[PDB]
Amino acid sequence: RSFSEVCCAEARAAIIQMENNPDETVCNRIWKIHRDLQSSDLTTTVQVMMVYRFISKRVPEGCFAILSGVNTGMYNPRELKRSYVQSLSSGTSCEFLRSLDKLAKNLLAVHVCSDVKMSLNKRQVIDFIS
């Protein structure tokens, strides 16, 4: 497949422009713009962020910033990452992500994209933004 096919509608144009133009400079502009968007929903931002991450191979600048308006304190990032990795070793990643609540899953995404030790491949990114 390709990212544009399964992402959400609000991210589609940003993602289509990045797929089609993996120039680091342009993808950065696209990330910052959606990062700083006016009133956007978090999941949209996170999908753009994930795709940027995959295409540029960089940690998206300010990606943790987008969680500041939100109480994540009920969440254990380390255990979220551990449960997610375990799910990849059992071919259950998709069922696992779907069974997370919206915030936990966005939070997982940000930690994973920021974790230089984890490199998502394409299928991983696709199951994530689906």
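Sequential numbering from 1, following the sequence displayed.
Of the two stretches examined, 44-52 and 69-77, the record assigns the greater average C-alpha temperature factor to 69-77. When the modelled residues of the chain are ordered by C-alpha B-factor, residue 98 sits in the highest third. Among the modelled residues of its chain, residue 82 has a C-alpha B-factor that falls in the middle third according to the deposited record.
When the modelled residues of the chain are ordered by C-alpha B-factor, residue 25 sits in the highest third.
In this PDB entry, the Cα temperature factor of residue 106 sits in the bottom third of its chain's modelled residues, the lowest group.
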